[PDB]
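Taking it in order: structure first as structure tokens, then the write-up.
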RNA sequence: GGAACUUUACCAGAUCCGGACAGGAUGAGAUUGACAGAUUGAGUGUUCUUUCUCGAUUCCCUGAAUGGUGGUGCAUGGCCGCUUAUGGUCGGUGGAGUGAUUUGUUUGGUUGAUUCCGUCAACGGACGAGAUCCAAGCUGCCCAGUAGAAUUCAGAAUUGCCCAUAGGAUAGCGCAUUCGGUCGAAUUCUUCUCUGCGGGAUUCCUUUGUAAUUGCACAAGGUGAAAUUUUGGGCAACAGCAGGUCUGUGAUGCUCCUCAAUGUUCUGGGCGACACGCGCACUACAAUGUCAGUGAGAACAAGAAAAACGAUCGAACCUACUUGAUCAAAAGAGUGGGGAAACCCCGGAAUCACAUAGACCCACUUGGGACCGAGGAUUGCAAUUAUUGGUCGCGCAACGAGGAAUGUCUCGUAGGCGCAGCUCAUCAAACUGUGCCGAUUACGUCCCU
Ligand SMILES: [K+]
Ligand SMILES: [K+]
Ligand SMILES: [K+]
Ligand SMILES: [K+]
Ligand SMILES: [K+]
Ligand SMILES: [K+]
Ligand SMILES: [K+]
Ligand SMILES: [K+]
Ligand SMILES: [Mg+2]
Ligand SMILES: [Mg+2]
Ligand SMILES: [Mg+2]
Ligand SMILES: [Mg+2]
Ligand SMILES: [Mg+2]
Ligand SMILES: [Mg+2]
Ligand SMILES: [Mg+2]
Ligand SMILES: [Mg+2]
Ligand SMILES: [Mg+2]
Ligand SMILES: [Mg+2]
Ligand SMILES: [Mg+2]
Ligand SMILES: [Mg+2]
Ligand code: NA
Ligand code: NA
Ligand code: NA
Ligand code: NA
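Protein chains in written order, with the authors' numbering: chain Sa, 2 to 106; chain SM, 15 to 115; chain SC, 2 to 213; chain SS, 2 to 57; chain SV, 2 to 72; chain SN, 1 to 100.
Rendered as structure tokens:
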């Protein structure tokens, strides 16, 4: 075995006692600002969804959340409602993803 | 009364040098035969280390043992069947007599 | 319950391995050259191959009955259900097990290593062998151990064909200074009948029919 | 007395102490597959006599 | 890498010397002739011999070839 | 598991040894050895019969072979004569191996 | 080499002789074994008190002998690993040197190749390479009551007008589909499956290609299931290494201990012990996601016992079905089947899919489960130092993609995903195989090693 030369038991003991914590953090990280997204609709936010969200060429739950500062869970819920009232039309659909667009005229 | 003839051996050459003989002797006995079925060949696998001490590159030894099985079903009485089977087989081949109902 | 067909052959193989080992130690002084058995409904018919047939039978079949008693008691054979025969080796010089036992007996009789190993090689090739190799290793020339190999003739060492054309055997010779290992490999000539030969042409040889 | 105390754990017959090698009575690295009960080192020397062949 | 080893080349030169009249310019009919005029454990070598015998025959039709003696 | 063999069990083992010139016993300290002795059958511990054959071998009365956890003991000419003297069997009595 | 006891080799203690045999002193009383009390960790005759039993097997002492997972692998055998995955190695006779030595075995092209062609003071050989062998893909004969299929009779089911809570895209335009419990019959057959010998592929065919100025070959395309060692393995020369193993063996020389033993058993502990450093894995850091549903769907494989025990079978082994269930899981039971192409099994694996109109919505968060608490069941002679599942809690334990460095890999491959075997009474973050989903890049070079 590579038994270190001139290494003491006191040298050993002082090595492990100083080996706790210290060296770490090999990544920069670059922290981000928190996203304050509302979990329920306000009166003015719900008014924007019924009026401003239509006549958008591309409509997506993640897009609407980025506009109205709301959660995607309720952003998707409002979009499903706007389809029930035929204000927007659904172009691509799956379990995980829905794409909507404005109606013609 | 159907009699079942089961042949099994380690040797591929010997396992069917008795089925061919059993097939021939029964054809000389004019007894109706359901052809010899080649049952799947089962391989017994043992994989061990080559070394006796656990030193060096861990190399392994794959040992295989194949079993060959055949069956012949013939409509013949016990006395007639015993005539067909009453001959010298080779070493390492065992033939089993079975009556089906 | 009947043992599974995969368990019956394992039992048959393990039985033959023990039977081979028992005869190797018992019949070392003779040229024990293998054992075969043929289990029938009436008996078992164990056949022993050795160079000195008279030495394994004894007087009036004394020793072969002692061996029969050994096998009967070991494997619990009912009386009359086990029979033992002994047959002679057709060519004594084409059996690696017989030649390795002869070499081991020569060394234990204080024969010189080069003289004994050379003497085996000439006898092997006087019998029609295509080749022969004899290896002796251990404490031959002093405290340091050396391995000396003696060759003569052809010998293939690679592929799988060398397991059907080459007969090999090794033994341990316990001498005063220590154990000495002897190896004998004999390259068998081909035979039309295959009685003492591989009975197949060499995997690389290609003969052309002479036009008639 | 001492006769009953003698080899009491061995007569229990469980564990690696119970199982040994059918060729050399060694308790290390035993091949129990197919009920061989042969050492891995003793197997490699007796594999051909049992019927096992070394291919691929 | 598809070189004919000296075992194939020597055997295919022996076949041309002994059965030149029976041979031809095609592999498949020549391979049939190689099948019964040769003893070999391997079908692959018989296939490589038949390939090189045909190569010799195409070489012979253009001129003499070293290593082939036809009386 | 004791090596204090009884005299009747030693005599029974010696009777089987003379009748069948060979005794084959497994090399294990537990377990038992089974013999027939013509009619019926008898059983003696393996360690005890191994103990008896240690004495005979040290007296050059038997030859010993061992292979795969199993002993093989065979009486020799001096050993057979001793068994006749010990068992008090009349002359011309021989084991089944000797008997034609 | 996944150690609860055993294993086990270590530690604290207690038994046995498994000191054969030979020579002496006792001796038909040599000895063996023991209930009760106490000695003790031990309702351990170990020893002791007290006697009974045994019987010539044994004790006493002298030599000896045996056993040992004792030493020494730098005394060895055998086996293995490595030099060393490449193309290497060696005689005979002849030539050349005073000789070690050299030639052969060389240069040119080619090839993975000392593979070939050519040249030639070398000519003849031998081994390795190649060939052989084993598995994959294509196919022939054989073949089935241990594999299946298609028809024909019957018996049952849907049956046409129907447009989803928003309902798009995607084949049908003489007889309409289903129904491995409808456990229904009859007939026919080998398309799938099983497999012992075969066939098949080799530079075979073609370039106004490279090369050729003979050749050996090469590159693209063709034929084809397969197009270059077909693919993947196994085997693998000669010289070695003071490489590993005396912990595989009744493989072993020398030496060590040998009756309060380094033998052998039994009890308990340890091999797991934690300021720390390192190798190899497992799980992650989330939305190309986590949960809760639903669908369709592999392959390799393993399955039970004796000269024991009960009345030649029957129980151990693996399972399916039912029950438990008039209410959690894990269990526990009963019945039947399977010696294994027969039962498991129509092998309902997980990646995967879902137009599931499902929840979450960027946060150390429904990510991540480390750590710990209480109940309960199972394996075992024994669970404390949690053996292993299952239930509810903890989750405020780090971890948000990892510095310098560094491993493996060319196509059904990497990566991902499970499954079986093996160790196994109980326990896989292991290995050995197996199939499933399946790419990026290169078709080179000698810059680094
Ligand atoms: K088992
Ligand atoms: K032990
Ligand atoms: K060695
Ligand atoms: K090399
Ligand atoms: K000279
Ligand atoms: K090249
Ligand atoms: K190798
Ligand atoms: K070597
Ligand atoms: Mg070769
Ligand atoms: Mg090769
Ligand atoms: Mg454990
Ligand atoms: Mg010990
Ligand atoms: Mg030992
Ligand atoms: Mg060494
Ligand atoms: Mg040279
Ligand atoms: Mg070299
Ligand atoms: Mg212990
Ligand atoms: Mg450890
Ligand atoms: Mg718990
Ligand atoms: Mg492991
Ligand atoms: Na010379
Ligand atoms: Na020379
Ligand atoms: Na030693
Ligand atoms: Na380089």
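Using N, Cα and C, we set each Cβ at its ideal position, and we do this for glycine too.
Taking only runs that begin and end inside the segment 1-84 of chain SN, name each unbroken alpha helix (DSSP H) of 4 or more residues, in chain order. 7-19, 46-58
Please report the straight-line C-alpha distance between residue 92 of chain Sa and residue 55 of chain Sa, rounded to a whole angstrom. Locating residue 92 of chain Sa in the first chain gives position 91, where the first residue counts as 1. Locating residue 55 of chain Sa in the first chain gives position 54, where the first residue counts as 1. Answer to the nearest angstrom: the Cα atoms are 14 Å apart.
In whole angstroms, give me the CA-to-CA distance for residue 13 of chain Sa and residue 25 of chain Sa. One-based indexing of the first chain puts residue 13 of chain Sa at position 12. One-based indexing of the first chain puts residue 25 of chain Sa at position 24. If you take the alpha carbons of residue 13 of chain Sa and residue 25 of chain Sa, they lie about 22 Å apart.
Can you name the start and end residues of the alpha helix (DSSP H) that residue 125 of chain SC belongs to? The residue given as residue 125 of chain SC occupies position 124 in the third chain. Segment 114-127, the alpha helix (DSSP H) holding residue 125 of chain SC.
Which residues of chain SC have a Cβ atom closer than 9 Å to the Cβ of residue 83 of chain SM, listed in chain order? The residue you call residue 83 of chain SM lines up with position 69 of the second chain. Neighbours of residue 83 of chain SM on chain SC, chain order: 6.
By Cβ distance, which residues of its chain are closer than 7 Å to residue 44 of chain SM, with the 5 residues on each side in sequence left out? Position 30 of the second chain, counting from 1, holds the residue named residue 44 of chain SM. Hits under 7 Å: none found.
Classify residue 47 of chain SS: buried if its beta carbon has 16 or more other beta carbons within 10 angstroms, exposed otherwise. Taking the first residue of the fourth chain as 1, we reach residue 47 of chain SS at position 46. It is buried - the Cβ of residue 47 of chain SS has at least 16 other Cβ atoms within 10 Å.
Would you say residue 101 of chain SC and residue 170 of chain SC are within 9 Å of each other, going by their C-beta atoms? Taking the third chain and counting its residues from 1, the one referred to as residue 101 of chain SC is at position 100. Taking the third chain and counting its residues from 1, the one referred to as residue 170 of chain SC is at position 169. Contact flag set, yes.
Can you give the beta carbon distance from residue 137 of chain SC to residue 114 of chain SC, rounded, assuming they're within the 8 Å contact cut? Mapped onto the third chain, residue 137 of chain SC falls at position 136. Mapped onto the third chain, residue 114 of chain SC falls at position 113. 5 Å between Cβ atoms; contact.
Residue 77 of chain SM bridges to which residues according to DSSP? For the purposes of this step, residue 77 of chain SM is taken as the residue at position 63 of the second chain. SM/60, SS/55, per the DSSP bridge assignment.
Contact the segment 84-92 of chain SC vs the segment 39-59 of chain SC: 3+ CB pairs below 8 Å: yes
Strictly by DSSP, which residues pair up with residue 151 of chain SC? Counting from one through the third chain, the residue named residue 151 of chain SC turns up at place 150. Beta-bridge pairing links residue 151 of chain SC to SC/135.
Kindly say whether residue 208 of chain SC, judged by its beta-carbon, lies nearer than 9 Å to any beta-carbon of chain SV. Counted from its first residue, the third chain places residue 208 of chain SC at position 207. Residue 208 of chain SC counts as touching chain SV.
Counting only beta-carbon separations shorter than 9 Å, does residue 13 of chain SC have a partner in chain SM? Position 12 of the third chain, counted from the first residue, corresponds to residue 13 of chain SC. Chain SM contact via Cβ: present.
Given the structure, does residue 160 of chain SC come close to ligand 9, in the sense that its CB is under 8 Å from one of the ligand's heavy atoms? Walking along the third chain from the start, residue 160 of chain SC turns up at place 159. Checking the Cβ of residue 160 of chain SC against ligand 9 gives yes.
Per DSSP, what kind of secondary structure is residue 83 of chain SM in: helix, strand or coil? For the purposes of this step, residue 83 of chain SM is identified with residue 69 of the second chain, where counting begins at 1. Correct three-state label for residue 83 of chain SM: strand.
Chain SC beta carbons: is any one of them nearer than 9 Å to that of residue 37 of chain SS? By one-based count along the fourth chain, residue 37 of chain SS stands at place 36. At least one chain SC Cβ lies under 9 Å of residue 37 of chain SS.
Spell out a yes or no on whether the segment 74-84 of chain SC and the segment 13-31 of chain SN are touching, meaning 3 or more CB-CB pairs, one atom from each, closer than 8 Å. yes
Output, in sequence order along the chain, the residues in the segment 16-43 of chain SN whose CB is closer than 9 Å to any CB in chain SS. 27, 28, 29, 30
Would you say residue 58 of chain SM lies against chain SC (beta-carbon separation less than 9 Å)? As a working note, residue 58 of chain SM is residue 44 in the second chain. Chain SC contact via Cβ: present.
Looking at C-alpha atoms only, which residue of SS/24, SS/34, SS/28, SS/43 is the closest neighbour of residue 15 of chain SS? Within the fourth chain, the letter at position 14 stands for residue 15 of chain SS. For the residues SS/24, SS/34, SS/28, SS/43, the minimum Cα distance to residue 15 of chain SS belongs to SS/28.
Indicate the three-state DSSP secondary structure (helix, strand or coil) for residue 182 of chain SC in the structure shown. Here residue 182 of chain SC corresponds to residue number 181 of the third chain, with the count starting at 1. Residue 182 of chain SC falls in the strand class under three-state DSSP.
Do you know how far the Cα of residue 52 of chain SS is from the Cα of residue 23 of chain SM? Walking along the second chain from the start, residue 23 of chain SM turns up at place 9. Walking along the fourth chain from the start, residue 52 of chain SS turns up at place 51. Cα-Cα distance, rounded: 11 Å.
Below 8 Å on the Cβ atoms is my contact criterion, and I expect residue 101 of chain Sa with residue 75 of chain Sa to pass it. Report the Cβ-Cβ distance as a whole number of Å. As a first step, residue 101 of chain Sa must be located in the first chain, where it is residue number 100. As a first step, residue 75 of chain Sa must be located in the first chain, where it is residue number 74. With a Cβ gap of about 15 Å, residue 101 of chain Sa and residue 75 of chain Sa do not count as contacting.
Given residue 42 of chain Sa, which residues of its chain have a CB within under 8 Å of its CB, disregarding the five upstream and five downstream residues? Taking the first residue of the first chain as position 1, residue 42 of chain Sa is located at position 41. The residues are 50, 71, 75, 79.
Bridge partner(s) assigned by DSSP for residue 50 of chain SC: The residue given as residue 50 of chain SC occupies position 49 in the third chain. SC/88.
Measure the alpha-carbon distance for residue 209 of chain SC versus residue 34 of chain SV and round it to whole angstroms. By one-based count along the third chain, residue 209 of chain SC stands at place 208. By one-based count along the fifth chain, residue 34 of chain SV stands at place 33. Between residue 209 of chain SC and residue 34 of chain SV, the C-alpha separation is close to 11 Å.
With distances taken Cα to Cα, identify the nearest neighbour of residue 57 of chain SN among SN/69, SN/42, SN/78, SN/67. Taking the first residue of the sixth chain as 1, we reach residue 57 of chain SN at position 57. The shortest C-alpha separation from residue 57 of chain SN is found at SN/78.
First and last residue of the uninterrupted alpha helix (DSSP H) at residue 13 of chain SC: Indexing the third chain from 1 puts residue 13 of chain SC at position 12. 6-27 is the extent of the alpha helix (DSSP H) around residue 13 of chain SC.
Considering only C-alpha positions, which residue in the set SC/174, SC/25, SC/132 is nearest to residue 158 of chain SC? What you label residue 158 of chain SC is simply residue 157 of the third chain in a count that begins at 1. If we check each option's Cα against that of residue 158 of chain SC, SC/132 comes out closest.
Determine whether the beta carbon atoms of residue 126 of chain SC and residue 34 of chain SC lie at a separation below 9 Å. The residue labelled residue 126 of chain SC in the question sits at position 125 within the third chain. The residue labelled residue 34 of chain SC in the question sits at position 33 within the third chain. Not closer than 9 Å, so no.
Please tell me whether residue 117 of chain SN has its Cβ less than 9 Å away from any Cβ of chain SC. In the structure as shown, chain SN begins at 1 and stops at 100. Residue 117 of chain SN is therefore absent and cannot be evaluated.
Given a threshold of 16 other Cβ atoms within 10 Å of its Cβ, counted over all protein chains shown, does residue 101 of chain SM qualify as buried or as exposed? For the purposes of this step, residue 101 of chain SM is identified with residue 87 of the second chain, where counting begins at 1. Exposed, because fewer than 16 other Cβ atoms sit within 10 Å of the Cβ of residue 101 of chain SM.
For residue 5 of chain SN, tell me which candidate among SN/49, SN/65, SN/87 has the shortest Cα-Cα distance. Here residue 5 of chain SN refers to the residue found at position 5 when the sixth chain is read from its first residue. Closest by alpha carbon: SN/49.
Could you tell me which chain SN residues have their CB closer than 7 Å to the CB of residue 71 of chain SC, listed as they occur along the chain? Within the third chain, numbered from 1, the residue matching residue 71 of chain SC stands at position 70. Those within 7 Å of residue 71 of chain SC in chain SN are 22, 24, 72.
Could you please give me the residues that DSSP links to residue 40 of chain SV through a beta bridge? To locate residue 40 of chain SV, count along the fifth chain from 1; it is residue 39. DSSP output for residue 40 of chain SV lists SC/208 as bridge partner(s).
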